[PDB]
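Engineer: Quick one: the structure is below, questions incoming.
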There are 2 protein chains.
Amino acid sequence: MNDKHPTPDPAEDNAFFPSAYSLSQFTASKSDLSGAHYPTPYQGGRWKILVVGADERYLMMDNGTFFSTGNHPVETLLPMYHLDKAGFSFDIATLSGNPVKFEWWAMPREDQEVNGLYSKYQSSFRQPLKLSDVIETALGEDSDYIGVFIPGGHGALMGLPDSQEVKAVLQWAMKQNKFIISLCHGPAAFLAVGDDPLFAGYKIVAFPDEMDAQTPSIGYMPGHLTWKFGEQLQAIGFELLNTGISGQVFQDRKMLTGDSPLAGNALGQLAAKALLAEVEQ
Amino acid sequence: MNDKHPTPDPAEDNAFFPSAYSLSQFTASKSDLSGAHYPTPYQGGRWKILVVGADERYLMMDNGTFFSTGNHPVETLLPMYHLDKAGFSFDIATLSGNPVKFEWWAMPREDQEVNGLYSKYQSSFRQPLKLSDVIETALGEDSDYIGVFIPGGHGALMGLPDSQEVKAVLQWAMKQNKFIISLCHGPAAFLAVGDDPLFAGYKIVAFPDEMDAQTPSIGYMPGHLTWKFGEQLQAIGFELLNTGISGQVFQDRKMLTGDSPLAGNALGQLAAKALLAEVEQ
Ligand SMILES: [Ca+2]
Ligand SMILES: [Ca+2]
């Protein structure tokens, strides 16, 4: 019937990609990548950013259907594109060690830059590191990581929110005064700290729970979320600054966040700027 | 229809379902489920069977492509169907806690009984237990599990083969003299014991490595497997009984195995009979 009806995903029974209508409204063939040139990039070849991606594509909705989601490609690749041009490298990990799952329906197919960057890291996205291995060997006081990046997309709502491994990564980042970068639903991962109040008083921007309750009306999702990461984040001490979305980014000490799928470019510029200043002395 | 070109999976880039031709030869609209009749089933309400399923659908081939696989639905459901009728219940788990991934292209869409069983267990396949929790509170000397079932499908080749968690489960099963039920590629999970000579001298049937070497020739998979589970199994003590496949099964003490996607029904009968005789003593 309607272009607003969820689109069946052939690989999983009772699973759906966003409706044709929502895709035309919420995705585009090109990204708005801009100002990604850095005249004095980091050239030390040491500092890297740890990327923690979603290893699951199917998210259970309140009505039993699966939302065929995963990490948002634009939210993931724009920040990475800027950091790449800034001279930084990446290690990609998932909780299980299984492939990072992208919402391919949001990939800007006509964007040469974004597609070129994915291809650059495709072997890592497809065969990522298992977070437990990273925790056991690449963190600590002498880590080569200058920060951690947790991309958005509803895929970040699975596993990451209550993973004891993610908790360890976040505590490490805070303990070693490392950058924590995330946007949209990515901050849901912060809930991994459980009852630990290490994020008390922090200000961030994140996708509004209010909007998650509305997007299903046009078939962006085949149902509604079974919980609210925003209210949960507020429960552990976070202050959510944005009522709506406009690509706004915020920096609270070393916590850098973006508000939605509109903040990829701005977050990339902010992170690149922040990390570059950090490496210079 | 006769097309032997792997079929692109829309949900994942460079991922492929079996070719239309291989599907017409290796899958059917109906299963050969039969003889699932046990006049005096187990009604003690205690003994259950733990199912360790595949949580990943995308398997990396030797040529960079992803085989869109997972657990084989017929191999999974026929054994369960017989055991269900025999009066046993199931607990379904995956390593990550993520949903069990089925090779839906092998699901017999016109098999009313098979689809009826899936309906009964869909909530468990879709929101399975996390194996780590199972090991922590449901095993031990007083477990309610009478056996473990590890279904086939190439998805069994991911994570399970070198999982310390699967190792614990196998060590427990052998120590507590529990049934271990598997077929086709499921035995690859037995490799999880690593270097524990636990299965030394056991006889099993499993999918022939040499057949795996040939199915890609008709587009069943988009490439070839990066390793051979059969040789690895022999390397840890197993005597592989079958050279080819015919859907036969073998019982060596409490180790029950099927040889391929043709062994689902026979394995259900073998397992149901062994477990029923067990509980009847
Ligand atoms: Ca989104
Ligand atoms: Ca098969």
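In the structure tokens, chains take the letters A, B, ... in the order shown, each chain's residues start at 1, and ligands count up from 1 in the order shown.
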Within 8 Å of ligand 1, counting only C-alpha atoms and all ligand atoms, which protein or nucleic acid residues do you find, written as a PyMOL selection string?
Structural biologist: chain A and resi 72+152-154+184-185+260-261
Engineer: I need the chosen residues saved as a PDB file, in the first residue's frame, with N, CA and C atoms.
Structural biologist:
```
ATOM      1  N   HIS A  72      24.568   4.025  11.864  1.00  0.00           N
ATOM      2  CA  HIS A  72      24.226   4.929  10.770  1.00  0.00           C
ATOM      3  C   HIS A  72      25.540   5.186  10.027  1.00  0.00           C
ATOM      4  N   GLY A 152      26.408   6.424  16.110  1.00  0.00           N
ATOM      5  CA  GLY A 152      24.997   6.254  16.362  1.00  0.00           C
ATOM      6  C   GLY A 152      24.334   5.255  15.432  1.00  0.00           C
ATOM      7  N   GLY A 153      23.019   5.397  15.290  1.00  0.00           N
ATOM      8  CA  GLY A 153      22.228   4.463  14.511  1.00  0.00           C
ATOM      9  C   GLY A 153      21.579   3.654  15.621  1.00  0.00           C
ATOM     10  N   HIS A 154      20.364   3.143  15.427  1.00  0.00           N
ATOM     11  CA  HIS A 154      19.711   2.382  16.489  1.00  0.00           C
ATOM     12  C   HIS A 154      20.435   1.094  16.872  1.00  0.00           C
ATOM     13  N   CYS A 184      23.830  11.018  18.343  1.00  0.00           N
ATOM     14  CA  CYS A 184      22.527  10.404  18.119  1.00  0.00           C
ATOM     15  C   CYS A 184      22.173   9.369  19.186  1.00  0.00           C
ATOM     16  N   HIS A 185      22.062   8.101  18.791  1.00  0.00           N
ATOM     17  CA  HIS A 185      21.750   7.051  19.760  1.00  0.00           C
ATOM     18  C   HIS A 185      23.018   6.446  20.346  1.00  0.00           C
ATOM     19  N   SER A 260      22.209  14.197  16.257  1.00  0.00           N
ATOM     20  CA  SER A 260      21.395  13.391  15.363  1.00  0.00           C
ATOM     21  C   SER A 260      22.137  13.032  14.077  1.00  0.00           C
ATOM     22  N   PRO A 261      21.425  12.436  13.101  1.00  0.00           N
ATOM     23  CA  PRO A 261      22.097  12.081  11.846  1.00  0.00           C
ATOM     24  C   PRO A 261      22.506  13.340  11.071  1.00  0.00           C
TER      25      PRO A 261
END
```
Engineer: Write as JSON, numbers by chain the residues around ligand 2, taking 12 Å as the cut-off and counting only C-alpha atoms and all ligand atoms.
Structural biologist: {"B": [17, 18, 22, 23, 25, 26, 27, 67, 68, 69, 70, 71, 72, 73, 74, 75, 76, 102, 103, 104, 105, 106, 107, 151, 152, 153, 154, 155, 156, 157, 183, 184, 185, 186, 206, 207, 208, 209, 211, 212, 215, 216, 220, 221, 245, 259, 260, 261, 262, 263, 264]}
Engineer: Would you kindly return, as a PyMOL selection string, each protein, DNA or RNA residue with an atom no farther than 10 Å from any atom of stretch 91-96 of chain B, considering only C-alpha atoms and excluding same-chain residues fewer than 4 positions away?
Structural biologist: (chain A and resi 55-56+95-98+159) or (chain B and resi 48-56+100-101+121+123-134+145+148-149+159-160+163-166)
Engineer: Between atom CA of residue A:135 and atom CA of residue A:173, what distance in Å does the model show, to one decimal?
Structural biologist: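 Value for the atom CA of residue A:135-atom CA of residue A:173 distance: 11.4 Å.
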Engineer: Would you list the contacts of residue B:62 as a PyMOL selection string, taking every protein, DNA or RNA residue within 12 Å and counting only C-alpha atoms, but skipping same-chain residues closer than 6 positions in sequence?
Structural biologist: chain B and resi 213+216+221-228
Engineer: Let me see the file: selected residues, N, CA and C atoms, as a compact mmCIF listing (two decimals), in the first residue's frame.
Structural biologist:
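Final file, part35.txt:
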```
# COMPACT_ATOMS: atom_id res chain seq x y z
N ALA B 213 33.98 -27.98 -0.57
CA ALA B 213 34.92 -27.53 -1.59
C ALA B 213 34.26 -27.39 -2.96
N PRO B 216 30.33 -24.29 -4.00
CA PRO B 216 30.40 -22.94 -4.56
C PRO B 216 30.40 -22.94 -6.09
N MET B 221 27.47 -20.89 -2.35
CA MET B 221 28.15 -19.90 -1.53
C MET B 221 28.89 -19.01 -2.53
N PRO B 222 29.14 -17.73 -2.18
CA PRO B 222 29.84 -16.79 -3.06
C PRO B 222 31.36 -16.97 -3.10
N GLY B 223 31.86 -17.95 -2.36
CA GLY B 223 33.29 -18.21 -2.32
C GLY B 223 33.54 -19.52 -1.61
N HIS B 224 34.76 -19.73 -1.14
CA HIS B 224 35.07 -20.96 -0.42
C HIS B 224 35.45 -20.66 1.02
N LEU B 225 35.24 -21.64 1.89
CA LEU B 225 35.55 -21.50 3.32
C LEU B 225 37.05 -21.31 3.52
N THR B 226 37.40 -20.48 4.50
CA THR B 226 38.80 -20.18 4.79
C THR B 226 39.52 -21.27 5.59
N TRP B 227 38.78 -22.28 6.01
CA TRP B 227 39.36 -23.40 6.75
C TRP B 227 38.45 -24.62 6.60
N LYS B 228 38.92 -25.78 7.06
CA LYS B 228 38.13 -27.00 6.94
C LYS B 228 37.88 -27.62 8.31
```
Engineer: Taking the chain letters and numbering used in this document, name the residues of stretch 31-273 of chain A that DSSP puts in strand (DSSP E), as a ChimeraX atom specification.
Structural biologist: /A:48-52,58-60,66-68,89-94,129-130,145-150,179-183,203-204,239-240,249-252,255-258
Engineer: Would you mind exporting the chosen residues as a tab-separated table (two decimals), in the first residue's frame, restricted to N, CA and C atoms?
Structural biologist:
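Saved to again.tsv:
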```tsv
chain	number	residue	atom	x	y	z
A	48	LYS	N	45.61	6.75	17.69
A	48	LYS	CA	44.49	6.11	17.01
A	48	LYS	C	43.21	6.32	17.79
A	49	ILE	N	42.08	6.10	17.13
A	49	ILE	CA	40.80	6.21	17.79
A	49	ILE	C	40.17	4.82	17.75
A	50	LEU	N	39.65	4.38	18.88
A	50	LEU	CA	39.00	3.08	18.96
A	50	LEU	C	37.55	3.28	18.58
A	51	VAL	N	37.07	2.53	17.60
A	51	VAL	CA	35.69	2.64	17.17
A	51	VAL	C	34.94	1.43	17.68
A	52	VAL	N	33.86	1.66	18.41
A	52	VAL	CA	33.05	0.56	18.93
A	52	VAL	C	31.75	0.58	18.15
A	58	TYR	N	19.29	-6.45	13.75
A	58	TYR	CA	17.88	-6.57	14.08
A	58	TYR	C	17.48	-6.21	15.51
A	59	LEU	N	16.77	-5.10	15.63
A	59	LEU	CA	16.29	-4.57	16.90
A	59	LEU	C	14.80	-4.88	17.09
A	60	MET	N	14.47	-5.51	18.22
A	60	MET	CA	13.08	-5.87	18.51
A	60	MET	C	12.22	-4.67	18.90
A	66	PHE	N	11.09	-6.78	13.81
A	66	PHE	CA	12.48	-6.39	13.92
A	66	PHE	C	12.68	-5.15	13.07
A	67	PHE	N	13.41	-4.17	13.60
A	67	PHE	CA	13.74	-2.97	12.83
A	67	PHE	C	15.11	-3.35	12.25
A	68	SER	N	15.24	-3.34	10.93
A	68	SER	CA	16.52	-3.67	10.30
A	68	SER	C	17.32	-2.38	10.36
A	89	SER	N	44.41	7.36	12.90
A	89	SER	CA	44.07	6.02	12.43
A	89	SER	C	43.00	5.41	13.34
A	90	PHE	N	42.39	4.31	12.90
A	90	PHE	CA	41.33	3.66	13.68
A	90	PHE	C	41.46	2.15	13.84
A	91	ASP	N	40.93	1.65	14.95
A	91	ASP	CA	40.84	0.22	15.20
A	91	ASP	C	39.34	0.08	15.35
A	92	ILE	N	38.75	-0.93	14.73
A	92	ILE	CA	37.31	-1.11	14.81
A	92	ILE	C	36.99	-2.37	15.58
A	93	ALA	N	36.11	-2.25	16.57
A	93	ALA	CA	35.73	-3.39	17.38
A	93	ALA	C	34.24	-3.51	17.64
A	94	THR	N	33.80	-4.74	17.92
A	94	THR	CA	32.42	-5.01	18.26
A	94	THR	C	32.52	-5.90	19.49
A	129	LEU	N	37.80	-6.10	15.43
A	129	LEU	CA	38.45	-6.70	16.59
A	129	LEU	C	37.34	-7.01	17.57
A	130	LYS	N	37.60	-7.92	18.50
A	130	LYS	CA	36.61	-8.25	19.52
A	130	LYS	C	37.01	-7.37	20.69
A	145	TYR	N	45.58	4.82	21.93
A	145	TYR	CA	44.29	5.44	21.64
A	145	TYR	C	44.23	6.83	22.27
A	146	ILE	N	43.82	7.81	21.48
A	146	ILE	CA	43.70	9.18	21.98
A	146	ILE	C	42.23	9.41	22.34
A	147	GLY	N	41.37	8.49	21.91
A	147	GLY	CA	39.96	8.62	22.20
A	147	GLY	C	39.16	7.42	21.72
A	148	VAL	N	37.87	7.42	22.04
A	148	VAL	CA	36.96	6.35	21.64
A	148	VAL	C	35.78	6.98	20.91
A	149	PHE	N	35.36	6.35	19.82
A	149	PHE	CA	34.24	6.83	19.02
A	149	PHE	C	33.13	5.78	19.00
A	150	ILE	N	31.93	6.18	19.41
A	150	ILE	CA	30.79	5.27	19.45
A	150	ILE	C	29.73	5.85	18.52
A	179	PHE	N	39.48	11.23	24.93
A	179	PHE	CA	38.27	11.75	24.31
A	179	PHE	C	37.21	10.67	24.11
A	180	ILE	N	35.96	11.02	24.39
A	180	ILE	CA	34.84	10.10	24.18
A	180	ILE	C	33.99	10.85	23.15
A	181	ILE	N	33.78	10.22	22.00
A	181	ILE	CA	33.04	10.84	20.90
A	181	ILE	C	31.84	9.99	20.52
A	182	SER	N	30.67	10.62	20.42
A	182	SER	CA	29.48	9.87	20.07
A	182	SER	C	28.40	10.83	19.59
A	183	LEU	N	27.33	10.28	19.03
A	183	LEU	CA	26.23	11.11	18.56
A	183	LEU	C	24.96	10.31	18.37
A	203	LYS	N	27.24	17.21	30.28
A	203	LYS	CA	26.24	17.72	29.35
A	203	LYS	C	26.53	17.14	27.97
A	204	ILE	N	25.49	16.63	27.31
A	204	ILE	CA	25.66	16.05	25.98
A	204	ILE	C	24.42	16.32	25.15
A	239	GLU	N	22.95	15.38	31.42
A	239	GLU	CA	21.99	16.43	31.11
A	239	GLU	C	21.92	16.45	29.59
A	240	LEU	N	20.74	16.22	29.04
A	240	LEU	CA	20.55	16.23	27.59
A	240	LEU	C	20.18	17.68	27.25
A	249	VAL	N	26.44	20.20	18.03
A	249	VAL	CA	27.45	19.39	18.71
A	249	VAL	C	27.82	20.09	20.01
A	250	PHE	N	28.29	19.34	21.00
A	250	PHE	CA	28.67	19.95	22.27
A	250	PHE	C	29.95	19.33	22.83
A	251	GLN	N	30.72	20.15	23.52
A	251	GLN	CA	31.95	19.68	24.14
A	251	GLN	C	31.94	19.98	25.62
A	252	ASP	N	31.96	18.92	26.42
A	252	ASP	CA	32.01	19.07	27.87
A	252	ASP	C	33.30	18.36	28.25
A	255	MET	N	34.25	15.11	26.44
A	255	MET	CA	33.06	14.42	25.96
A	255	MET	C	32.52	15.23	24.80
A	256	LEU	N	32.60	14.67	23.60
A	256	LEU	CA	32.15	15.35	22.38
A	256	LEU	C	30.97	14.60	21.78
A	257	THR	N	29.81	15.25	21.71
A	257	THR	CA	28.63	14.59	21.17
A	257	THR	C	27.91	15.37	20.07
A	258	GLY	N	27.15	14.62	19.27
A	258	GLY	CA	26.37	15.18	18.18
A	258	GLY	C	24.93	14.84	18.49
```
Engineer: What's the separation between atom CA of residue A:171 and atom CA of residue A:265, in Å to one decimal place?
Structural biologist: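 So the two atoms, atom CA of residue A:171 and atom CA of residue A:265, lie 26.9 Å apart.
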